[PDB]
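Quick notes on the structure that follows.
Every number here is computed from the coordinates shown, using simple stated rules; none is lab data. Heads up, the Cβs are rebuilt from the backbone with ideal geometry, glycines too, and the neighbour counts pull from every protein chain shown.
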RNA sequence: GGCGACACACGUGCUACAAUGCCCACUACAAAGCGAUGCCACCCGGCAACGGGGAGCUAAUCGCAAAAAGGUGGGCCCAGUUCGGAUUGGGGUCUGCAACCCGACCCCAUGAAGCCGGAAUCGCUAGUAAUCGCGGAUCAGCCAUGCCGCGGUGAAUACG
RNA sequence: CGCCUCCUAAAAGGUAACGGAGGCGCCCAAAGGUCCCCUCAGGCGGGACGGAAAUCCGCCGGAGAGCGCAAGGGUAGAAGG
Ligand SMILES: [Mg+2]
Ligand SMILES: [Mg+2]
Ligand SMILES: [Mg+2]
Ligand SMILES: [Mg+2]
Ligand SMILES: [Mg+2]
Ligand SMILES: [Mg+2]
Ligand SMILES: [Mg+2]
Ligand SMILES: [Mg+2]
Ligand SMILES: [Mg+2]
Ligand SMILES: [Mg+2]
Ligand SMILES: [Mg+2]
Ligand SMILES: [Mg+2]
Ligand SMILES: [Mg+2]
Ligand SMILES: [Mg+2]
Ligand SMILES: [Mg+2]
Ligand SMILES: [Mg+2]
Ligand SMILES: [Mg+2]
Ligand SMILES: [Mg+2]
Ligand SMILES: [Mg+2]
Ligand SMILES: [Mg+2]
Ligand SMILES: [Mg+2]
Ligand SMILES: [Mg+2]
Ligand SMILES: [Mg+2]
Ligand SMILES: [Mg+2]
Ligand SMILES: [Mg+2]
Ligand SMILES: [Mg+2]
Ligand SMILES: [Mg+2]
Ligand SMILES: [Mg+2]
Ligand SMILES: [Mg+2]
Ligand SMILES: [Mg+2]
Ligand SMILES: [Mg+2]
Ligand SMILES: [Mg+2]
Ligand SMILES: [Mg+2]
Ligand SMILES: [Mg+2]
Ligand SMILES: [Mg+2]
Ligand SMILES: [Mg+2]
Ligand SMILES: [Mg+2]
Ligand SMILES: [Mg+2]
Ligand SMILES: [Mg+2]
Ligand SMILES: [Mg+2]
Ligand SMILES: [Mg+2]
Ligand SMILES: [Zn+2]
C-alpha cells in the first residue's frame, strides 16, 4: 500500500449485546454493537421472537362451540 | 361489539338451513335477509345470497372471512365516483 | 364560492351554469363578490330569483319576478347591478365641500 | 387536552372513567 | 441504532424517549422500566450499557415492533381488502372506516382540498 | 499475512466441505474469493457539495483502505451530468483486507440491517459472482450516529473463481452468507 | 335497505395550535335539579369500561356526587414537543331480539392537520364578556361538541 | 462571387452547368514536445437510493467508439484515454 492515505488496521474486539466478543481487525480497537450474528433471530435457528403465534387466526377463534346443532 | 359473555349471534333460521345442508351433503345458493348474522365456521364453503335492500348478493364464503357479518360482503351503496 | 338553491324545483347543471354566466356581469365593477347566493323558486304567477351577496363595501340583496324564469334571473341582475354601482360610487358623492 | 380521552382532563369532558380517570 | 433499530432521543427521560419507538406509548413505556427495574427519571444519556441492554433485551422480545408491527397492520389491511368486506372497501377507496360522516370533513383520510 | 478467523474458516472448514460436495480433481479448481469491490454510486455530490471527502473517509474506516474516485464517462442531461464529474467511490479489497471486511460484514453489519430477512438468493451473476446493495453505512461497526451527516448506501461485488452460480452459492453459503431462500 | 352516500360549496359549533400552559399526585369551595324492573352508598373481581355481591331512599333523611377552573407539591423546558388528539390496527365492556351498513364506552398500539388564520365577519356595556364545571328535558343505548338551566372565578372600555 | 469535404468525374491527374449534398472566415498555454502507462462502442447477466442511460462486478465484443467543428481519408501494433 501507498503510505499516508490509509487508516491503519489494528487488532480489534467488537462487543455485542448477547455478550459475545469478536476478535477481528478494525481502524478502531474496541467496538460496542447492539446485535450480532450469534443472537440475531434470522441467524439463531428460527427464534420466533415475539410472535410464536401459529397465525393464530382465523378458524382459530374458538369462543366457542356453544351455538346449537 | 356484541359482548364476549353473551352468545355468538346467528339468526337461528339461517343456522338450521346450514346444518340441514351439512347432513344431506351440500351445496346450493341460500337466499337470506340476515345481514346481522355472523359468518360461522360451518358456513365456510357455501355461497350464500345476501340481501342489500334490492339484490340478493352471491358471496362464496372462505376460511379467512369467518368472524365477519353477512352484510359486510353485500354492499348497500352504489358509488362509481363523482362527475 | 358561488352557491345556487332551487326551491321546490328541479334544475339542470346547464341552468345552474347559466346563472353563473349572468352573475359574472357583476365582475365588471372589479370588486370581491363574497359567497354569492342565488335562489330560484316558482310562485303561482311566475318564477322568483333572489340573491344575497357581500362585497367589501356592503351587501347586495335583491329579487326578480317574471312569468319567465330567464327574464326574472335578468331582472335580478339589473337590481343587483344598480345596487352594486350605487355601492361603488356613493362614496365619491361628497369630496367637496 | 379536553379531546384526549387518554387523560384525566379528557374523561371529565366525555363524562366517563377508567385507568386515566378512576372513581 | 439503539432500541430497536431506532436511536431513541438522548437528552430525554427514558420513559419519554422510549415513546419515540413505533409500538411504545406512555403505557408500554412505564411497563418496561418496571420489568427491568430502571428509573424513568434517568436521562437516556445516563444509562449503563448494562441498564441499556436490559431495556433493549426485554422490549425487543416481549412486543412486536417497528417494521414487523407495520407489516402486520399492512397484512391485516392487505387481507381485509382482498376478502371484500365493507371495511376492506373503505380502504380500497382511501375513505373513512369507522362510520364517520363524509358529506363534509373526512379530510384526514381524503387529503387536503381537491378542485372541481 | 494475518491470521483472521474467516480466512482460517475458509481453509479449514470450507475448502474440504466443498471438495466433498463437488468432487474437485485439482486443488486450484476449488472456488476462491478473488476480490470484494465496494462501490458508492453517490452523485448526490455532483455539483452540490463535492466534499464527499466525508464519504471517502467513512469508506476508508469501513475497509481500512482509501477509495478512489469515479467520474462520468459521458455528459448527461436529465441527471445533470457534465463529463468528468466526480460521482462515485470504489475500493477494491483483496487478500487479507477483503477477508476482514467480509468477516465483519457477515458477523455484524448484515445483522444490524433493518428488518433483515436474509441476503437475496437470486443476486447471482450467472458466472459465479455475487452482488448486493446496502442502503446505509450505519450498518458497519465503525460508523456511529455521531459521525454521519447523511444516509448513503453502497454496492458490494464479491468475485469468485467458481465457474458456476451453483458452486458459488456453496462457497459463499458455507463461509456464512445468510440467504433468505 | 335508505334518511349516516361524498370530486365539491356554505352556515353553526367543539378541540386546539401551547409555559397565564401540559401531565402525575395530594387538597379544597357551589347551585339547580333528578331518582321503585329508578338513583345506587359500601364490599369484592378486573389496568378499565364494567361484572358480582349488597345497605339505604316513596327521598331538606338515602343516592346520582367527583364540582372544575382553584390551592400545595412534583415532572415537562420552547421542540410539531409530556403541544394537539385526528386517523388507523388489535383487544375487550354495555344497551339492546339485533350494533355490516350504523351505537357508546374502555384499554394497547397509531399520533394527522394545526406555529393564531386572505377577502370578509360575530358577540358582549357588569356579575356582563371570557373562562369552569354540574343538572335537566328527550331517552334501551346514543352519534349531546346541540338545546333549556345552574352556580364558580371574574375583566376591559364608552371622547363621542 | 474566396476557401474546405463528398458526388457528378467515364478505376492515374485534371474536368462544366444558376447540377446533387454540406462546411470555413475559428480554435487549443494544452487541445503543443517527450517519456511512461492504459483501451473502445455496444449486447447479456448481476448490484441501495438509481431510471433506456450516472457509478460498480462478470462474460461476450477488431472496432461499429474516440479523435474540438463539415465531410472524407486515416487510425487501438493509436492518431484515442
Ligand atoms: Mg324575499
Ligand atoms: Mg377594513
Ligand atoms: Mg396530549
Ligand atoms: Mg410510540
Ligand atoms: Mg357515513
Ligand atoms: Mg441469479
Ligand atoms: Mg467467476
Ligand atoms: Mg454503526
Ligand atoms: Mg336528517
Ligand atoms: Mg370552508
Ligand atoms: Mg358542534
Ligand atoms: Mg335523565
Ligand atoms: Mg408528530
Ligand atoms: Mg406541518
Ligand atoms: Mg405529542
Ligand atoms: Mg411555539
Ligand atoms: Mg384570533
Ligand atoms: Mg387562544
Ligand atoms: Mg379562526
Ligand atoms: Mg344594552
Ligand atoms: Mg381551554
Ligand atoms: Mg353535560
Ligand atoms: Mg340519554
Ligand atoms: Mg359516528
Ligand atoms: Mg478567401
Ligand atoms: Mg475526380
Ligand atoms: Mg473520382
Ligand atoms: Mg479521377
Ligand atoms: Mg478515367
Ligand atoms: Mg499532374
Ligand atoms: Mg447561381
Ligand atoms: Mg454557405
Ligand atoms: Mg495534460
Ligand atoms: Mg494530441
Ligand atoms: Mg504530456
Ligand atoms: Mg460496458
Ligand atoms: Mg444492467
Ligand atoms: Mg433499483
Ligand atoms: Mg444501470
Ligand atoms: Mg469512428
Ligand atoms: Mg459541427
Ligand atoms: Zn450477539
Check your understanding: Which of E:93, E:43, E:54 moves the most in a Gaussian network model of chain E with Cα springs under 10 Å?
Key -> E:93
Revision key, fill the gap. Averaged over the residues of A:21-34, the number of partner chain Cβ atoms within 10 Å of each residue's own Cβ comes to 6
Check your understanding: Between residue B:5 and residue C:92, what is the FRET efficiency for a Förster distance of 60 Å, r being their Cβ-Cβ separation, to the nearest 0.05?
Key -> 0.15
**Study point:** Per-bin percent of Cα-Cα distances, the range F:137-178 [10 Å]
**Key:** 22, 34, 25, 18, 2
Practice item. Normalising by the residue count of chain B, find the relative contact order in percent from Cα pairs under 8 Å and 6+ residues apart. Key: 25 percent
Point to revise | Longest to shortest principal axis, alpha-carbon extents of the protein assembly as shown, angstrom | key: 110, 91, 58
Review point. Using the alpha-carbon atoms, what tilt in degrees (0 to 90, nearest 10) does helix E:66-83 show relative to the longest principal axis of chain E?
Key: 20 degrees
Review point. Once label points are set 7 Å from the Cα along Cα→Cβ at both residue F:115 and residue B:16, what is their separation, rounded to one decimal in nm?
Key: 5.1 nm
**Study point:** Whole-number Å³ per residue for the convex hull built on Cα positions in the range F:1-106
**Key:** 145 Å³
Study note, to complete from the structure: Tilt, helix E:26-35 to longest principal axis of chain E (alpha-carbon atoms), in degrees rounded to tens, equals 30 degrees
Review point. In peptide F:108-118, how many Cβ atoms from other protein chains are near each Cβ within 10 Å, on average?
Key: 6
Check your understanding: Normalised by the number of residues in the range C:24-97, what is the relative contact order in percent for Cα pairs under 8 Å and 6+ residues apart?
Key -> 25 percent
Review point. To the nearest 10 degrees, how steep is helix B:13-23 against the longest Cα principal axis of chain B, on a 0 to 90 scale?
Key: 60 degrees
Practice item. Kindly state, as a whole number, the per residue volume in cubic angstrom of the convex hull around the alpha carbon atoms of chain B. Key: 116 Å³
Practice item. Kindly work out what percent of the DSSP beta bridges joining two residues of chain A are antiparallel, to the nearest 5. Key: 65 percent
Point to revise | Residues E:104, E:62, sorted so that the one with the fewest Cβ neighbours within 10 Å comes first | key: E:104, E:62
Point to revise | More than 15 angstrom apart: percent of Cα pairs within the range B:1-40 | key: 46 percent
**Study point:** Overall Cα dimensions of chain C, principal axis frame, Å, largest first
**Key:** 53, 27, 17
Check your understanding: Which whole number gives the average count of other chain Cβ atoms within 10 Å of the Cβ atoms across peptide F:95-103?
Key -> 2
Practice item. Can you check how the C-alpha radius of gyration of chain E compares to 2.2 N^0.38 Å, as a plain ratio? Key: 1.45
Check your understanding: Tell me, what is the Rg over Rh of chain F, with Rh the Kirkwood radius over Cα pairs?
Key -> 1.01
Revision key, fill the gap. Everything considered on the Cα gyration tensor (a ≥ b ≥ c; rounded for a/c under 1.5, else prolate if a/b is larger than b/c, else oblate), chain A must be described as prolate
